[PDB]
Amino acid sequence: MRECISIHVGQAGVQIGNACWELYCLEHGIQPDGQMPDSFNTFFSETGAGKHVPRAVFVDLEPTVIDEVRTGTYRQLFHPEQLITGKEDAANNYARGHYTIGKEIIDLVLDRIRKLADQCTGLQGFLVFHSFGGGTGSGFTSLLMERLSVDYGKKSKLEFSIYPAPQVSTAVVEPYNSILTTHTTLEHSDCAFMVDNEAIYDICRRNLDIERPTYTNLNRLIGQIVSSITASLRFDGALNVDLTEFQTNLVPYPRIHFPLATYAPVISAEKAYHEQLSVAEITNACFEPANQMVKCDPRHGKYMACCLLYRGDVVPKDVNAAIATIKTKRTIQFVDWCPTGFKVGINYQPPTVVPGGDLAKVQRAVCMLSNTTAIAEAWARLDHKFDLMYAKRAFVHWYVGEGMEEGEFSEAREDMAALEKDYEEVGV
Amino acid sequence: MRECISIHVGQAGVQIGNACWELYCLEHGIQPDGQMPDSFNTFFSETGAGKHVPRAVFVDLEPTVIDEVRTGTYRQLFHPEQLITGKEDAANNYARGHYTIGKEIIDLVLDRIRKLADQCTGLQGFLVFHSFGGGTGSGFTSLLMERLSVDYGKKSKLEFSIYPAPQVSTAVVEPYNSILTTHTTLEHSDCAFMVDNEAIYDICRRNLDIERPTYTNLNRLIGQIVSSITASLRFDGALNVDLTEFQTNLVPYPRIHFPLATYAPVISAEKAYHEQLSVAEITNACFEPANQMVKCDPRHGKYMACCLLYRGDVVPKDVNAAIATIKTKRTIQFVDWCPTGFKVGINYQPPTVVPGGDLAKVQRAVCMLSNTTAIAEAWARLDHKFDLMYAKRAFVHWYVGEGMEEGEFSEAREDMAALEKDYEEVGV
Amino acid sequence: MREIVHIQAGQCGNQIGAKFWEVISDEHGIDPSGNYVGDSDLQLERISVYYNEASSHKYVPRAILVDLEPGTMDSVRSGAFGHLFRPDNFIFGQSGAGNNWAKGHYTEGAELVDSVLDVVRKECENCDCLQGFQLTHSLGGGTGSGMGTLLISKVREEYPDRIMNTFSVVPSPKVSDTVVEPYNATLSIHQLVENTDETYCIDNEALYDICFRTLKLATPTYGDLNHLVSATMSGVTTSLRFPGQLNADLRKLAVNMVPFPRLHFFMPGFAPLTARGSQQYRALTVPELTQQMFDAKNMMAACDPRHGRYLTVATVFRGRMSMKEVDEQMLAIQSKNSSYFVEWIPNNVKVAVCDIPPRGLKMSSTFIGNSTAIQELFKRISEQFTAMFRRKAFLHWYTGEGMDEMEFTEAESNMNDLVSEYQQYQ
Amino acid sequence: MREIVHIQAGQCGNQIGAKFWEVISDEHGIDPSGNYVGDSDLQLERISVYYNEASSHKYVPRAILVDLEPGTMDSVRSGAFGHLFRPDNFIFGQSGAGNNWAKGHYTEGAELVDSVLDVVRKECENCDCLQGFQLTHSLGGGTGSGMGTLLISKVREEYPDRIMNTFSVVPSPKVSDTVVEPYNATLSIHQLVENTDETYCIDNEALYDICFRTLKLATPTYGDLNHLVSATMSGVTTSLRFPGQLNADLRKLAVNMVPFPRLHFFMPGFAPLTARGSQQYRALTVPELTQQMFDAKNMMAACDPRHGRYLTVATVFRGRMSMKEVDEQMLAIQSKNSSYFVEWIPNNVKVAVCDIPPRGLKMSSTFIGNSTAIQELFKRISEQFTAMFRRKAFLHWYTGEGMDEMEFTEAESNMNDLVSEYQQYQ
Ligand SMILES: Nc1nc2c(ncn2[C@@H]2O[C@H](COP(=O)(O)CP(=O)(O)OP(=O)(O)O)[C@@H](O)[C@H]2O)c(=O)[nH]1
Ligand SMILES: Nc1nc2c(ncn2[C@@H]2O[C@H](COP(=O)(O)CP(=O)(O)OP(=O)(O)O)[C@@H](O)[C@H]2O)c(=O)[nH]1
Ligand SMILES: Nc1nc2c(ncn2[C@@H]2O[C@H](COP(=O)(O)OP(=O)(O)OP(=O)(O)O)[C@@H](O)[C@H]2O)c(=O)[nH]1
Ligand SMILES: Nc1nc2c(ncn2[C@@H]2O[C@H](COP(=O)(O)OP(=O)(O)OP(=O)(O)O)[C@@H](O)[C@H]2O)c(=O)[nH]1
Ligand SMILES: [Mg+2]
Ligand SMILES: [Mg+2]
Ligand SMILES: [Mg+2]
Ligand SMILES: [Mg+2]
């Protein structure tokens, strides 16, 4: 049992899903048709004689992206009714995503979700992929979250949010969308793993030696993180970790559930033969600011909770020693009210290699989930961004005309402020 | 354990390193790829299945020289991130090396250094190669030295400085660069081994029968000295010597750590068959002014400390007798406050022969490290050179415009004067 | 006569238990699917202590395998030797506790309990004479800690006079594989306090150290570590399973080693811990074994016996020896450095000598110490609890499952009291 | 009965010690990995003096091997005969002292000491009757001099009544393999003064001379030199390891040869020093041996006994002899040229005669002299110290490790006092 279902919302959600599912297929020896040539049960169902099918749902208020899915390399992996499309997009308008356009499609997707749940025996949770800056990825996601809360108040819900750094912003109204949606997210999410594009880009240039990263490139890395996360559910280990565990171990306080995921080692085909790939070495890499997937100012804050998910050939003793060493380093700071900061998980599967990929085959790998106070700074900058725009009512007409009232914005701002204050408090 | 890491700074530093590393590879049966076909562990790490990799770092504020390294016979020996380059050179300006341009690259190299340290188990020290006359080799080196002091105050740091004699000067502002850097060097170096180009040239013509020495030629000899120095760390002997020993045995007083290295025998392919290569003979050669690597006026001063590093087939008794004989000679003078002047070290490895080389295979060899008061004269001449130039503020504009103040020069001069006085004192 | 029930709860228990079964089967000549390959009548004689015997002379452990997470069960069966277990003794829930003690103890544990209870009753009524129970589990996780203790409680209600043994792995300060270990440990240890006769405290850190420095191994796996534990387990019960010169069952040790009801936490040690390359340079003998057993290095619990005192020690020796020699060694140990032996208990040493040594080595010793140094272990945990509880960190999850602040306070208080008691007698 | 602990510290000690072990094993018929190839019951009888005996009749030295520099340890193991040593008796630090006595004595030595101490305790408690200790080391280097003396001190604290022996190599004026030898020697000799029962002073120069002029060898290696030392060592303890006609253990010699506590520095000599081509032209006999032993050429310490006086001499002879003959020779030596024998001690000669001669030769003698001429050795060293100390040369390194000027002053003073005492009795 223990099955888990993926929900992909908006363009970002879809394209990430594309990579992820591809990766999964390669991992379990599933060809792009669906035949194999159990462990995988947690992500793939079976029907017919030999064909395997993703427990996944793709949602977009526009057909463009999902049309490519329908007519691509993986057209035969998905039954057509797990792809929902067809309409006008929430044109980077949270309100449209949430009120006008979300209203028309919600029931269909919810039915699908229910069906998927019913197919399975006692699934643990949901993995939700989206951006904060998109009208669909913002407005619709919140609505969906609400629905999920209503249906299964008990069950775990994890998300992968594509978070915008102000210097690499591609959309004008990113601040409004992010703030409104984040408030809604707050009450119904168990934890949200933030990813920053800029950081990814940086990683690509420095550690993969690629000057010109495409979106396609970026997504691969993200997929690997996902794989690392859920490998313990899919495979036999020495020491295991589940979705329930993460919630337990990362959230000191209800409101403070926004941790950063980092990954290592990230190596080109060339650099590996001059690389002593150590357990300690990768751990070390994990706590160096250049390897963060969110640009956050990590050294200024303190760490509250840290999960280290190793995969490949590992000696637990060595891991322990590495951890000890890390603890002993002075500059890295944990909160004084938590002496013991690391949840450790081990997995016997070596991470996989994508045909035509950027990443070298490695024998030891690690994904760290880490919660730091420093991430509050990101919110502060976002709030600052919001505050000036709000001041002149810039772009407000678009939102008001979509059945969203003005005091709502104010409320959201207040909430964000309170959240920020909270981080400041808990760091003492 | 006991590993040691090489740092190459500026053009001189790089090209010396090139020869040295080549020599090392030949010695340990390492082909130019990195496969072998333990002892060597102190200089080479291992990663992967069979590939060996230099614990070395190459630094240059300009890509020219290190680009050749990247695309040469030894391209595959170094991982690309142990070579740092790319920018405008310190155009023979100490200030640029130290202030403007050193500032931008320092962190990257320091990180690399730290990584290298972490790879190893309890490395003893660092071997730093550079010139005094170069803007990079002067200004940057001091900065790097500072950093090293900050990080590892305890550990040993040895240097190979290419020192300029006034008659074979190739750069206009050699005096300023040398003086400024030397002051900085003073506090953070355990000992600095001076090499003079002119002396090398002389040696080449007389004892190798070559009228036209290239820089490439010169470096080979220097590399041999280095090998002789560190062979005791890399190999089994009868009586051994380490980096710690040198510091102990050569430095009567904190400030007086500038000894000369000499080497013998230096023989063409032809001259060897008419050569009775004796232990005594080589010792004798060692104390003859024509064999000095610095032009210093050796007979005028006194010897304070002398280390003799033999390698090849040696009978310790014979060495002892040779030493006794040397002591008995009247003209060679030791300081009256040290009766016993020689540290003796033995190594079972015959020194190696470079394919296409100038040097004959020999069965006995010696490298002498010797500290004499006479070297103070060199500083006096340098100071004289400096004093006239300073008098008219010649070339001062270049330095002042790089964030260096004028009183600094004066201070440096004062320091040098004091140092000179000190040598005069200790010789009584 | 003198028949035992084994129980394994949570991941650690299940794996350790498996190892134990492999060992003991090997000792008594039993193959994985194979019925019998034993070499001696002695082995045959006391098979009925741990096993049952179906038709055509098959054999099956009186073992129960429990977990809220289905996966580990799968692993256990999938291993070689997995066919020996009766399929009706696999009793697993649907979803794991996820290191939430409360879940282990209320929501899923309660649902699970009834089946377990029924199987235990079945096991009891089947056999003529029931001696005791052996539970293997953790104090750091949700299932082993929470559900296990519930199970124990239930057992106690049923049979008040029967023996309760637990082999409990313990948290260590430098290495924490879960951030909520202080809470989990605290809650479960309280529960243990009231319902167990003897509890064997085992640390991973110590085991690691042993593997690294004594056995001179670079790459310890969990299996290797578990091996030691298995050996220890085997050693404890050797008196029930073989004729000796002097025999000491579970009850005997318990009576001998517990001066006050509360103080029933035993620190095991084992000898000889030999390395592969290093074994041929030792004369195998009593005195050497004795010397090894009282080194701080060979305490499986990560506490220094130098900073406390022994109340009591039990020594179980396997292989032929001179009892006299053993006794003299004991005397030497006592008189020479009586500095760490309590004065009011005159002779602090208990001896059992069993004739049949383990497979591999010719003579071996298991040491079971009731040391006041164990208070140190509790102290750190208490401190950590205090640190967490002041900021109310991670309380919310526990609250969500029925728990309330008062329980935490009470358990901590109890722990403190226990600590104080140990100190007083030191 | 009468069992000994061997210790080797620093490079010299380790190599010399190895040689010694090779020799003594050969003597008692022990092979490198091979358990036993001995030809006689006698050899068997007293194996337990220096060895332990594991299962299947294996044998292993009660030897401890110590160094701050890992390399030498590697060399020792890598040699043939390296498999005989128990791996737990290899106790090395991480980084070498680098001829800084202070480092040897404070920073690394202190870190190293505990493991060594534990092993020594283990060795002691293992065995019924502990006789003494034998340390091989230098006074010229950082580890052998500094750490060694610390170790000795520690040992003294533990067992005040047990015998301390040291075989100490000494600095020579013309040949110095380190420039800081005066300091190193001074500091260590002070330490020796208070904690050793007997110290054997050995010079490299003398050894070289012997190899060149007596053995007529052109190419002496360190191994060859070490051989003599090994032989000497073997000779000293022959009374413990074999039945003789007259027997003298470590204690006996000590009592016989030390008139005042302070004056316990013995100059060893050995006979016969024969060459390869030259041996067939000698009648092997007592008188010849005696004549050889009292030549200045065969003093292993580079001092002239012509410029001092013997307080006492011990003569240990191996092979069958006429005791009467030996005694008469001794008498002849005494009466003829009593010019260098102290009047207040009437008979200055001690004799021990052991029946089993070394492998190779039929009769042999070891001579151990307490001569006032030893003051000369100290004097030169003192002078050199004075020369250095006036200019404060190389003091800074020592300061950097905790040392202070006062210590130097005190040690020098002590040395001076010692020198004076020797003179007075001359
Ligand atoms: N001695 C051993 N200890 C182990 C082993 N595996 C895990 N552990 C320890 O047990 C602790 C948690 O125990 P479990 O893995 O059984 C988790 P548990 O089943 O008790 O509850 P859940 O986490 O709710 O599943 C963990 O923190 C480790 O320190 C093992 O093979 N041997
Ligand atoms: N009789 C022998 N003497 C030796 C031998 N090797 C070295 N020596 C002498 O020992 C002196 C230094 O001793 P070591 O080599 O053991 C250096 P030590 O370990 O004592 O301290 P560090 O120099 O800090 O390692 C040196 O000055 C020599 O005179 C040997 O094989 N035999
Ligand atoms: N990591 C990642 N981010 C993406 C990708 N495509 C778009 N984004 C980000 O998502 C935001 C744009 O919103 P979309 O994800 O297109 O939102 P949507 O839900 O499709 O709704 P619209 O943008 O209104 O069509 C920007 O912040 C982009 O940086 C992708 O392939 N990978
Ligand atoms: N022995 C030796 N000396 C060299 C070599 N190349 C340059 N030099 C000397 O180095 C000095 C010039 O400085 P560089 O080493 O070029 O200095 P840099 O650090 O590269 O900085 P720039 O000179 O400003 O490029 C002169 O004194 C030269 O004689 C070499 O291959 N061998
Ligand atoms: Mg879109
Ligand atoms: Mg240049
Ligand atoms: Mg579990
Ligand atoms: Mg040494």
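Residues numbered from 1 in each chain as written, not as in the entry; some residues may be left out. Chains lettered and ligands numbered in written order. Part of a larger assembly, values for the part shown. Heavy atoms only, no water. Residues with missing side-chain atoms left out of burial classes, pairs and counts.

In terms of determination method and resolution, the entry is listed under cryo-EM at 4.0000 Å.

Note the threshold: UniProt positions are given in the numbering used here, feature names are shortened, and annotations may be inferred rather than shown by experiment.
Looking at the PDB entry, one finds chain C named Tubulin beta-3 chain, with Homo sapiens as its source organism. As deposited in the PDB, this entry carries the title "Structure and dynamics of single-isoform recombinant neuronal human tubulin". Per UniProt, the comment on chain C under Cofactor is "Mg(2+)". Quoted verbatim from the Sequence similarities field of UniProt, the annotation for chain C is "Belongs to the tubulin family."

Going by the PDB entry, chain A carries the name Tubulin alpha-1A chain and comes from Homo sapiens. Under the UniProt heading Catalytic activity, the entry covering chain A gives this text: "GTP + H2O = GDP + phosphate + H(+)". Under the heading Sequence similarities, UniProt records this for chain A: "Belongs to the tubulin family."

## Observations concerning the overall build of chain C
So the rule is basically this: Segments assigned H or I by DSSP are reported as helices when at least four residues long, segments assigned E as strands when at least two residues long, and all are numbered from the N terminus. We compute the radius of gyration over the C-alpha atoms and compare it with the globule rule, which gives 2.2 Å times the number of residues raised to the power 0.38.
Along its length, chain C carries 16 helices and 13 strands. Its C-alpha radius of gyration of 21 Å places chain C within 12% of the 22 Å reference for a compact globule of 426 residues. Principal-axis analysis of the C-alpha atoms gives chain C an extent of 60 × 60 × 45 Å.

## Focus: the packing of helix 12 (residues 286-293) of chain D against helix 13 (residues 323-336) of chain D
Residues and elements named next belong to chain D. The following threshold applies: For helices, the fitted axis covers only the stretch in contact; all axes are lines through C-alpha atoms, and the angles between them, taken along N-to-C directions, range from 0 to 180 degrees. Helix crossings get a hand from a simple test, with the near helix turned counterclockwise from the far one by less than a right angle marking a left-handed crossing and a clockwise turn marking a right-handed one. Residues count as neighbours in contact if any of their non-hydrogen atoms are within 4.5 Å of one another. For this classification, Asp, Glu, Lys and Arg are treated as charged, while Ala, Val, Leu, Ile, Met, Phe, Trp, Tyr, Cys and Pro are nonpolar and the rest, including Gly, are polar.
Look at helix 12 against helix 13: their axes get within 9 Å of each other, and the N-to-C directions meet at 35 degrees. At the point where helix 12 passes helix 13, the crossing takes the right-handed sense. Seen from helix 12, the contacting residues are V286, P287, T290 and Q291; seen from helix 13, they are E325, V326, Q329, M330 and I333. When its residues are assigned to classes, the contact of helix 12 with helix 13 shows five nonpolar, three polar and one charged.

## Section: the interface of chain B and chain A
Counting from both sides, the interface comprises 13 residues of chain B and, opposite them, six residues of chain A. At the level of secondary structure, the elements contributing two or more residues to the side of chain B that touches chain A comprise strand 2 (44-47), strand 3 (51-54) and helix 4 (102-119) of chain B. When residues in the side of chain B that touches chain A are grouped by element, the largest group, three residues, is from strand 2 of chain B. A class-by-class count of the residues in the side of chain B that touches chain A yields three nonpolar, six polar and four charged.

## A few points about the UniProt feature "binding site: Mg(2+)" in chain C
Selection rule: Relative accessibility decides the category of a residue: with a 1.4 Å probe and only protein chains considered, values under 20% of the type maximum give buried, values over 50% give exposed, and everything between is partly exposed.
Under the feature "binding site: Mg(2+)", the UniProt entry names C:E69. By the element assignment, C:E69 lies in the loop between strand 4 (63-67) and helix 3 (70-78). Using a relative accessible area of 16% as the deciding quantity, one classes C:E69 as buried. Those residues within four positions of C:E69 in sequence are excluded, and the remaining contacts are A:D242 and C:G96.

## As for a negative patch on the surface
Residues and elements named next belong to chain A. Stated precisely, the cut-off is as follows: In this analysis, a patch consists of residues with relative accessible area above 30% that form no salt bridge, clustered at 9 Å for like charges and at 5 Å for the nonpolar side chains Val, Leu, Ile, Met, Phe, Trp and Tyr. Reported accessibility uses the Shrake-Rupley method at a 1.4 Å probe radius. Residues are deemed covered only where the shown protein chains occlude them. By salt bridge we mean one thing: a side-chain nitrogen of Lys or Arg within 4 Å of a carboxyl oxygen of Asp or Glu. As used throughout, the charge tally considers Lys and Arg to be positive and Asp and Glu to be negative, leaving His and the chain termini uncounted. All charge positions are set by atom: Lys at NZ, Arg at CZ, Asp at CG, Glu at CD.
Together, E405, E408, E411 and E414 line one region of the surface with negative charge. By the element assignment, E414 lies in helix 14 (residues 406-426). In this structure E414 comes out as exposed when scored by relative accessible area, which is 56%.

## Some points on the side chain of C:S371
Residue and element names in this part refer to chain C. Here is the rule we go by: Counted as a polar contact is a pair of N or O atoms within 3.5 Å, where, for protein atoms, one must be capable of donating a hydrogen and the other of accepting one, and residues adjacent in sequence contribute only when both atoms are in side chains.
For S371, the position within the fold is in strand 13 (residues 364-371). Accessibility expressed as a relative area gives 1% for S371, which makes it buried. A polar atom in the side chain of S371 sits 3.1 Å from the backbone nitrogen of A373. The residues touching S371, leaving out its near neighbours within four places in the chain, are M267, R309, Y310 and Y422.

## Considerations on the UniProt feature "binding site: GTP" in chain C
Residues and elements named next belong to chain C. The UniProt record marks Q11, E69, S138, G142, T143, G144, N204 and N226 with the feature "binding site: GTP", using the residue numbering of this structure. Inspection of the secondary structure puts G142 in helix 6 (residues 142-158). Given the relative accessible area of 4%, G142 is considered buried. With residues near it in sequence (within four places) discarded, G142 still touches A97, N99, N100, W101, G104 and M147. Residue placement: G144 occurs in helix 6. Apart from residues lying up to four places away in sequence, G144 is in contact with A9, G10, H137, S138 and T149.

## A few points about the UniProt feature "binding site: Mg(2+)" in chain A
Residues and elements named next belong to chain A. Listed under "binding site: Mg(2+)" in the UniProt record, and renumbered for this structure, are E62. Looking at where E62 falls in the secondary structure, it is placed in the loop between strand 4 (56-59) and helix 2 (64-70). Beyond its immediate stretch of four places on either side in the chain, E62 contacts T85, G86, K87 and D89.

## What about the arrangement of the chains?
Without any contact between them, chain B and chain C keep their closest C-alpha atoms 16 Å apart. These two, chain A and chain D, are apart from each other, with no contact and a minimum C-alpha gap of 19 Å.

## Re the site of ligand 4
Residues and elements named next belong to chain B. Here is the rule we go by: Whether a residue is near a molecule or strand depends on its heavy atoms: it is near if one of them lies within 4 Å of it.
Among the 18 residues in the neighbourhood of ligand 4, the closest are listed as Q11, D89, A90, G137 and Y215. The side chain of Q15 places a nitrogen or oxygen atom 3.1 Å from an oxygen atom of ligand 4. In this structure, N197 approaches ligand 4 through a side-chain N or O atom, which is 3.4 Å from a nitrogen atom. Taken by itself ligand 4 offers 630 Å² of open surface, and the protein chains cover 91% of this. Listing elements by their share of the shell around ligand 4, those giving two or more residues are helix 1 (10-27), helix 5 (135-151) and helix 8 (215-234). The element best represented in the shell around ligand 4 is helix 1, accounting for four residues.

## Quick notes on the packing of aromatic side chains
Residue and element names in this part refer to chain A. Operational definition: Classification of ring pairs rests on two measures: the distance between centres of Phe, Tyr or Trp rings, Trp counted by its six-membered ring, which must be within 6.5 Å, and the angle between planes, read as stacked under 30 degrees, edge-to-face over 60 and tilted in between. Criterion for a charge above a ring: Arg CZ or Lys NZ at most 6 Å from the ring centre, at most 35 degrees from the ring normal.
Summed over all chains, the structure comprises 86 aromatic pairs over all chains. Grouped by ring-pair contacts, the aromatic residues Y176, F386, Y390, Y399 and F409 constitute a single cluster. We note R234 situated over the ring of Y24; from NZ or CZ to the ring centre the distance is 4.5 Å. Here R393 stacks its cationic end above the ring of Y390, 4.0 Å away from the centre of that ring.

## Concerning the domain arrangement of chain A
Residue and element names in this part refer to chain A. The condition that has to hold: Start and end positions for the domains come from either an automated domain assignment or a database one. In this description, buried area is defined as the sum, over both parts, of the accessible area (probe of 1.4 Å) that is lost when the two are combined.
Splitting chain A by domain gives domain 1 (1-259), domain 2 (260-374) and domain 3 (375-428). Between the C-alpha centres of domain 1 and domain 3 the distance comes to 25 Å. With 28 residues of domain 1 at the interface, the matching set in domain 3 holds 29 residues. A per-residue breakdown of the area domain 1 buries against domain 3 is headed by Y176, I179 and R255, which together make up 26% of the total. Summed over the shared surface of domain 1 and domain 3, the result is three salt bridges. Between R96 and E402 there is a salt bridge whose closest N-O contact spans 2.7 Å. At the junction of domain 1 with domain 3, the criterion picks out nine residue pairs in polar contact. Mapped onto the side of domain 1 that touches domain 3, the elements with two or more residues apiece are helix 3 (94-100) and helix 6 (174-188). Tallying contributions element by element places helix 6 first for the side of domain 1 that touches domain 3, with eight residues. By residue class, the composition of the side of domain 1 that touches domain 3 is 16 nonpolar, nine polar and three charged.

## Digging into the site of ligand 2
All names here are of chain D. In the vicinity of ligand 2 there are 20 residues, among which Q11, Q15, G98, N99 and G142 approach most closely. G142 has a polar backbone atom sitting 3.0 Å from an oxygen atom of ligand 2. For ligand 2, whose free accessible area comes to 660 Å², the fraction covered by protein is 93%. Among the secondary structure elements, those contributing two or more residues to the shell around ligand 2 are helix 1 (10-27), helix 6 (142-158) and helix 9 (222-236).

## Remarks on the sheet that holds strand 12 (residues 349-354) of chain C
Residues and elements named next belong to chain C. What counts here: One requirement defines pairing of two strands: DSSP has to find at least two bridges between them.
Pairing within the open sheet is mixed, and its eleven strands lie in the order 5-4-1-6-7-8-10-13-11-12-9. With one partner strand each, in any of the chains shown, strand 5 (90-92) and strand 9 (244-246) form the two edges of the open sheet. Recorded for the sheet is a direction-independent mean angle of 20 degrees between the axes of neighbouring strands. As paired elements, strand 11 (residues 310-318) and strand 13 share eight bridges and run antiparallel to each other. Among the inter-strand pairings, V313 is bridged to a residue of strand 13, identified as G369.

## Focus on the state of the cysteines
Note the threshold: Disulfides are defined as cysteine sulfur pairs within 2.5 Å.
Taken as a whole and judged by the stated rule, the model has zero disulfides over all chains. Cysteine B:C286 remains unbridged, with the sulfur of B:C367 as its closest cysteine sulfur at 7.7 Å. Judged by relative accessible area, B:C286 falls into the buried class, the value being 0%. Here C:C201 stays unpaired: no disulfide links it, and the sulfur of C:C303, its closest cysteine neighbor, is 8.5 Å away. The class of C:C201 is buried, set by a relative accessible area of 4%.

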